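Peer 1: Attaching a single structure in structure tokens format; questions to follow.
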Amino acid sequence: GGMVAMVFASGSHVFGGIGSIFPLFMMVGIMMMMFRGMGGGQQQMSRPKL
Amino acid sequence: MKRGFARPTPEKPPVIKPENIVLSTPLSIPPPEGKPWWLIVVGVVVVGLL
């Protein structure tokens with residue numbers, strides 16, 4: 001967000017309108033990896049084994 | 001009239017040797033360990049979108 005904000009403070013306004021889709025899709029993918037993710041050897045019941 | 005024939009001491013026959021053999025146990029199939037394939041796929045998308 002700081003990166004988007006930096007571009008906004010400089011005045012490019014390139015992310016206005018449809019250009020904003022790039023930060024949005026990126027932010028969703030990052031969310032999936034950090035909250036759910038996958039376990040190591042301590043979690044034996046991985047979906048394919050169960 | 002026949003020719004005489006006296007039977008001598010029997011010659012040694014070839015000796016038979018038995019054998020006890022234990023078979024090798026077959027190999028065991030490796031259980032299905034599994035990689036979190038989707039995680040690295042999202043990863044390469046995120047770094048590319050950046």
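Order determines the names: the first chain of the structure tokens is A, the second B, and so forth; residues in each chain are numbered 1 upward, and ligands are numbered 1 upward as they are shown.
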Quick one: which residues from chain A are at most 8 Å off chain B, using only C-alpha atoms, as a list in words?

Peer 2: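 The complete set of qualifying residues is residues 22, 26, 29, 30, 33, 37, 38, 48 and 49 of chain A.
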
Peer 1: Using only C-alpha atoms, which of the listed residues (A:41, A:47, A:4, A:11) sits closest to residue 24 (chain A)?

Peer 2: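 Selected residue with least distance to residue 24 (chain A): A:4.
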